[PDB]
Amino acid sequence: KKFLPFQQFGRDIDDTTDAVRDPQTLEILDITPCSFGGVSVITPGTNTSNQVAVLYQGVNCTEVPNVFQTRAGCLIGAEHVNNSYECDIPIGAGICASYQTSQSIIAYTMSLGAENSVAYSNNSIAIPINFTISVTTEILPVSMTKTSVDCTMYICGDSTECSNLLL
Amino acid sequence: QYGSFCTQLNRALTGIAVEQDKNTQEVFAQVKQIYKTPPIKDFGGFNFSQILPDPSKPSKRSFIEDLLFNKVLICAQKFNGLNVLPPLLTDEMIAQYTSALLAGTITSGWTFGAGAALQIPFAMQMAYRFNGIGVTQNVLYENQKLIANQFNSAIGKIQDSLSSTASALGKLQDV
Amino acid sequence: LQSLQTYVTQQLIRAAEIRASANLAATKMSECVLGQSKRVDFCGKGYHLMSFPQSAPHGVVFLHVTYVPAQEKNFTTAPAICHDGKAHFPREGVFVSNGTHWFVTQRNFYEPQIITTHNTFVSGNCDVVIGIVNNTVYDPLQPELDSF
Amino acid sequence: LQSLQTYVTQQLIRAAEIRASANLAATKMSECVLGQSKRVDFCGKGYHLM
Ligand SMILES: *[C@@H]1O[C@H](CO)[C@@H](O)[C@H](O)[C@H]1NC(C)=O
Ligand SMILES: *[C@@H]1O[C@H](CO)[C@@H](O)[C@H](O)[C@H]1NC(C)=O
Ligand SMILES: *[C@@H]1O[C@H](CO)[C@@H](O)[C@H](O)[C@H]1NC(C)=O
Ligand SMILES: *[C@@H]1O[C@H](CO)[C@@H](O)[C@H](O)[C@H]1NC(C)=O
Ligand SMILES: *[C@@H]1O[C@H](CO)[C@@H](O)[C@H](O)[C@H]1NC(C)=O
Ligand SMILES: *[C@@H]1O[C@H](CO)[C@@H](O)[C@H](O)[C@H]1NC(C)=O
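Protein chains in written order, with the entry's author numbering: chain Y, 557 to 621, 641 to 676, 689 to 754; chain E, 755 to 826, 849 to 951; chain C, 1001 to 1148; chain X, 1001 to 1050.
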């Protein structure tokens, strides 16, 4: 990007410094903040095992120090598996991790359920013959716990000075 | 010295993120087995070609979906620890549920929401969908070809309605 | 003061999440329990029969009783039937066949029957509908007169 | 800290307007799509077919 003869350094819509002009040689440089991210830990139950898989989010694997590059980021400590299964511990952008073959933490592309096809035709009706009765169940919260909190005892430890300052 | 303020914020925002994932899961994953339409399109005379997915395309997104997606920075705000996590379901998986619900609706009617899919000729299905709003079955068959034209023409205008002005998608564009 | 204000605000938001689940339960408790609901996938998963509420600590638990079909058998069909020019339609059911004869059944339980005039209603002539098939329609009112 | 706390609160509220639309879309996809409705003016304007 080429500035004007006098204009020194640029900004963005949110007035953050983006470019700059070198003093000694009139050359134009771009500033990009050096990377950050949120370290995360994928683990099965402590009772089940003590192997964990670390996930750096939005960090290229080259700058991080088994690896794998997922759209979510870099994931070290887990093995990619071509086979696809139901999701166990979701990660990001369609990748699920689980604990099964000893066993190791496997990361895989999530499977959108099974696959099925039906035979539509000009003249084909399937009419069921037998039936079964089932019993489902679901739970709905109704009321949380009633509570009450008086201010003057919380803020002030029952002293005249604090009670007369809060007034 | 300001105590545990950051932790509250991070807990709240993580709750929001998990909630968004559960929202999409609940809205779309109403079906358990992914169906798909037969290779032939003898649907009694209805041109479903706009809404069914088109193979001659990089993604499996159908025509109307493509129009909508065309109808509707990253590091600019990102300088200051404002990361944006990616959604769990990718925009291709979402377009896979939808192509199932369309496939199941056309070939099975509604009986695929209770048990498993049951084959039913489409021309016989709408006869049952009328029969639930009062008009007897004889109205459909006696005027089958007429309704096909109105229905096919109806999808004609909506495609032009979206591709005319950008004020049709006001609700998402606000978000 | 800031510490207490933040806690109060969160409660107001959280107490409005529950208020939308004590209204979706006070509704399921009405259609599901005190009646039979036709709202698909509202009460249970499948065709709905009844419900049974139960209590719980700060909540409620339902036990929906649901009806689902089991075995599907393929059959051939036809959206009408022509006997003497006049088309014949099922009053309530599909037309089904097993290769030799035709039968009329219910939508959700295979139970064949004889195609008589007692359960079909005529409409128009049979050169307009598509997919109609030739067949006979038995008449129940003939034999008793013949008996006399 | 005030400004950061303001943005969070706005999110918490605004992220509950959506939760009242996901639980509404998730309904219409269960009556209108997977079945036929009788709720007048729920699945379209008029008698609903599919
Ligand atoms: C600074 O000095 C160097 C070396 O003499 C020269 O090449 C460069 O052009 C000078 N730049 C300016 C700003 O005068
Ligand atoms: C630990 O896991 C084993 C096997 O799943 C189970 O039998 C046992 O009850 C669990 N104990 C814990 C962690 O409470
Ligand atoms: C990671 O870094 C290498 C070297 O800079 C680069 O070639 C590659 O494209 C980068 N990959 C990602 C995910 O940005
Ligand atoms: C497994 O997945 C990787 C990454 O997509 C691919 O390169 C490889 O060919 C796949 N292998 C098999 C056995 O499908
Ligand atoms: C039945 O459907 C097939 C395509 O699946 C078609 O070729 C055939 O002509 C149709 N027959 C009738 C009865 O229309
Ligand atoms: C119905 O016919 C189709 C095509 O021949 C077949 O795939 C399917 O298994 C049959 N279903 C039953 C249960 O007869």
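Built from N, CA and C at the ideal position, the CB exists for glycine as well.
To the nearest angstrom, how far is it from the Cα of residue i to the Cα of residue j?
| i | j | result |
| --- | --- | --- |
| E:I896 | E:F888 | 11 Å |
| Y:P589 | Y:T573 | 10 Å |
| Y:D663 | E:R765 | 22 Å |
| C:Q1005 | E:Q774 | 27 Å |
| E:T778 | X:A1022 | 8 Å |
| C:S1123 | E:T874 | 39 Å |
| C:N1098 | C:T1076 | 7 Å |
| C:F1148 | C:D1139 | 16 Å |
| E:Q926 | E:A942 | 26 Å |
| Y:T724 | C:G1046 | 13 Å |
| E:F759 | C:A1016 | 23 Å |
| Y:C738 | Y:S750 | 10 Å |
| C:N1108 | Y:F718 | 9 Å |
| C:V1137 | E:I805 | 42 Å |
| X:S1037 | X:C1043 | 7 Å |
| E:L861 | E:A876 | 28 Å |
| Y:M731 | C:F1062 | 19 Å |
| E:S940 | C:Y1007 | 49 Å |
| E:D936 | C:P1112 | 49 Å |
| Y:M740 | X:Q1010 | 30 Å |
Report the three-state DSSP secondary structure of residue i (helix, strand or coil).
| i | result |
| --- | --- |
| E:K921 | helix |
| C:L1049 | strand |
| C:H1118 | helix |
| X:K1028 | helix |
| E:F898 | helix |
| E:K933 | helix |
| X:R1014 | helix |
| Y:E661 | coil |
| X:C1043 | coil |
| Y:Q563 | coil |
| E:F927 | helix |
| C:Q1036 | coil |
| Y:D737 | coil |
| X:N1023 | helix |
| Y:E748 | helix |
| E:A783 | coil |
| residue 1159 of chain C | Nothing about residue 1159 of chain C can be read from this structure; chain C reaches only from 1001 to 1148. |
For the candidate residues the options, whose alpha-carbon lies nearest to that of residue i?
| i | options | result |
| --- | --- | --- |
| C:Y1110 | C:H1064, C:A1070, C:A1080 and C:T1027 | C:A1070 |
| E:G885 | E:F797, E:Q755, E:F759 and E:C851 | E:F797 |
| E:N824 | E:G799, E:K790 and E:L938 | E:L938 |
| Y:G614 | Y:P621, Y:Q607, Y:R646 and Y:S605 | Y:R646 |
| Y:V656 | Y:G669, Y:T696 and Y:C617 | Y:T696 |
| E:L849 | Y:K558, Y:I742, Y:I569 and Y:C749 | Y:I569 |
| Y:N709 | C:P1079, C:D1084, C:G1085 and C:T1066 | C:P1079 |
| residue 941 of chain C | C:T1120, C:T1116 and C:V1129 | With chain C covering only 1001 through 1148, there is no way to say anything about residue 941 of chain C. |
| C:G1035 | C:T1100, C:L1049, C:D1041 and C:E1017 | C:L1049 |
| Y:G652 | Y:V705, Y:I692 and Y:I720 | Y:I692 |
| residue 996 of chain C | E:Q784, E:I882 and E:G769 | Beyond the ends of chain C as shown, which are 1001 and 1148, falls residue 996 of chain C; an answer cannot be given. |
| Y:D586 | Y:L611, Y:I726, Y:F565 and Y:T719 | Y:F565 |
| Y:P621 | Y:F718, Y:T734, Y:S591 and Y:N717 | Y:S591 |
| E:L858 | E:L767, E:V781, E:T881 and E:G910 | E:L767 |
| C:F1103 | C:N1135, C:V1129, C:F1121 and C:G1085 | C:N1135 |
| Y:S698 | E:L945, E:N856, E:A899 and E:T866 | E:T866 |
| C:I1081 | C:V1128, C:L1145, C:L1024 and C:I1132 | C:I1132 |
| Y:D571 | E:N914, E:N907 and E:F855 | E:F855 |
Does the beta-carbon distance from residue i to residue j come in below 8 Å?
| i | j | result |
| --- | --- | --- |
| Y:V729 | C:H1058 | yes |
| Y:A668 | Y:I598 | no |
| residue 845 of chain E | E:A871 | You won't find residue 845 of chain E in this model, because chain E goes from 826 right to 849. |
| C:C1126 | C:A1087 | yes |
| C:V1068 | E:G891 | yes |
| E:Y789 | Y:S711 | no |
| C:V1060 | Y:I714 | no |
| C:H1064 | C:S1051 | yes |
| Y:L611 | Y:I666 | yes |
| Y:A694 | Y:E619 | no |
| C:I1013 | X:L1024 | no |
| E:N928 | E:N801 | yes |
| C:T1120 | C:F1089 | yes |
| residue 688 of chain Y | E:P792 | You won't find residue 688 of chain Y in this model, because chain Y goes from 676 right to 689. |
Taking residue i and residue j to be in contact with their CB atoms under 8 Å, please state how far apart those CB atoms are, rounded to whole angstroms.
| i | j | result |
| --- | --- | --- |
| X:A1026 | E:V781 | 5 Å |
Test item, CB below 6 Å from any non-hydrogen atom of ligand 7:
Ligand 7 is not among the ligands present in this structure, which contains only ligand 1, ligand 2, ligand 3, ligand 4, ligand 5 and ligand 6.
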